[PDB]
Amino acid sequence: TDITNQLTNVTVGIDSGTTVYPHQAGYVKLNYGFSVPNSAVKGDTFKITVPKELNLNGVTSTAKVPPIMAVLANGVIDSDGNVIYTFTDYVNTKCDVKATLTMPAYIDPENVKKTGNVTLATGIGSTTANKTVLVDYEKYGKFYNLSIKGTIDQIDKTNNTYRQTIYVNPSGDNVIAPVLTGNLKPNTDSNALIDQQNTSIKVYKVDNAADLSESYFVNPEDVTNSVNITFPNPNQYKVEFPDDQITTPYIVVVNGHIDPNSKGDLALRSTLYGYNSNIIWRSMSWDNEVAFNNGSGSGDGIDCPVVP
């Protein structure tokens, strides 16, 4: 049975700052507390509502919700993105059961494509919480006529893959003989494996910077074949783009692998090299890093009465 509505003493809340910076390791915490009906038995359920503006995975390909520990309940994310918890047999014998739960949640890149005010709401049954925050994706990086910014997604730790989206020349500058390299970030013990058999790169031409996401969600003019992609040094890729200039942005999507025996995390550096109109050679670098977070849940009950 679904016992969502028979939950009592329900409280809900959202913990975050007033501005969230999804590209500076910002996230939010969804908090919940409730009493469970003594009449709860194993296999009973209850549903948390999670809004479209969030997901529970962020940079990671999927997420697990915290089992609530006393196991009091096991959770899964449904196809709407809401969370269903199933009660264990713990409720079969325990009374005055109570529980609290926290889940980190992340600004969903596809539903929040631009910087602006977002009102976030979650809840359990009729008990809801809401918060309105500014989602600030901030700015791409720039140095003379060299702009660049990149973001990671879909870190899959089952399959050891990652994906990285880079905007080259998001600022629409003229670059003469532009070159991009993709590297590990020094001294991180980075777990990226960047080579011919671990790394596949695609590159897209952009007509109008305006068609680009601030969130870096990308819906993939493919110009992969018109460019020269090479693996010139250990754990480094290089992308070489008729007149030796570019005047538009480019999207570079990298489908790579990680090393699960590596002692560090996914930590990446991408560099754009190019001349300006004065024929000076410069470079602009962009680091990409990650931070992982977990939620937790716990409950308590007492022995139900026994007639004496």
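Note that residue numbering begins at 1 and tracks the sequence as displayed.
According to the entry, the deposited sequence has 1 to 3 residues without coordinates between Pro220 and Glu221.
Counting the deposited residues that fall between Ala70 and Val71 and carry no coordinates gives a value of 1 to 3. When the C-alpha B-factors of 59-67 and 255-263 are averaged, 59-67 comes out higher. With 47-55 and 271-279 compared on mean CA B-factor from the PDB entry, the stretch scoring higher is 271-279. The entry lists C-alpha B-factors for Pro109, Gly172, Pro104, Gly150, and the highest of these is at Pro109. Taking the deposited Cα B-factors for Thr181, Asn145, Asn228, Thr158, the highest one is held by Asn228.
Ranked within its chain, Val118 lands in the lowest third, by CA B factor from the PDB record. Looking at the C-alpha B-factors along this chain, the one for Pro234 belongs to the highest third. In the PDB entry, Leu30 places in the middle third of its chain by CA B-factor. Ranked by C-alpha B-factor against the other modelled residues of its chain, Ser16 falls in the highest third.
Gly75: CA B factor in the middle third of modelled residues in this chain (values from the PDB entry).
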